[PDB]
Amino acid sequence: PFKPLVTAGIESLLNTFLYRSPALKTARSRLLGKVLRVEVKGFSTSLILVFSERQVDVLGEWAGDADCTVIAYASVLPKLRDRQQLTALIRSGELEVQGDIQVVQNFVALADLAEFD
């Protein structure tokens, strides 16, 4: 399978850009204890992001309850890099939000200020 390689590469990417900088501590702390389930529309699978203080875990399977579920095609997910693009994708129907919309809004705010040094 290619899913174990996709979840590991996404985990690597999110942690390198969102969890390395001390400037991103406040944006990361808004996501503390949150689970963001992403339902990939093209493929039959989901990606589950679990947010901690020092890391984000990106899982293929999760027996728990998610605080926010986002349903979209693989192609639209890289566009979730700011609040302006998130409002447009919801409006266009491209992205469906379930649960606490503030989880995905705080994710996109953290992603908007992604940096590595």
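We number the residues from 1 along the sequence you see.
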{"item": "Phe51 - which third its CA temperature factor falls in, relative to the rest of the chain", "value": "lowest"}
{"item": "CA B-factor placement of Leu24, once the chain's modelled residues are sorted into thirds", "value": "highest"}
{"item": "Chain-wide C-alpha B factor ranking for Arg91, given as lowest, middle or highest third", "value": "highest"}
{"item": "Third assignment of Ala109 from its chain's C-alpha B-factors", "value": "lowest"}
{"item": "Third assignment of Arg83 from its chain's C-alpha B-factors", "value": "highest"}
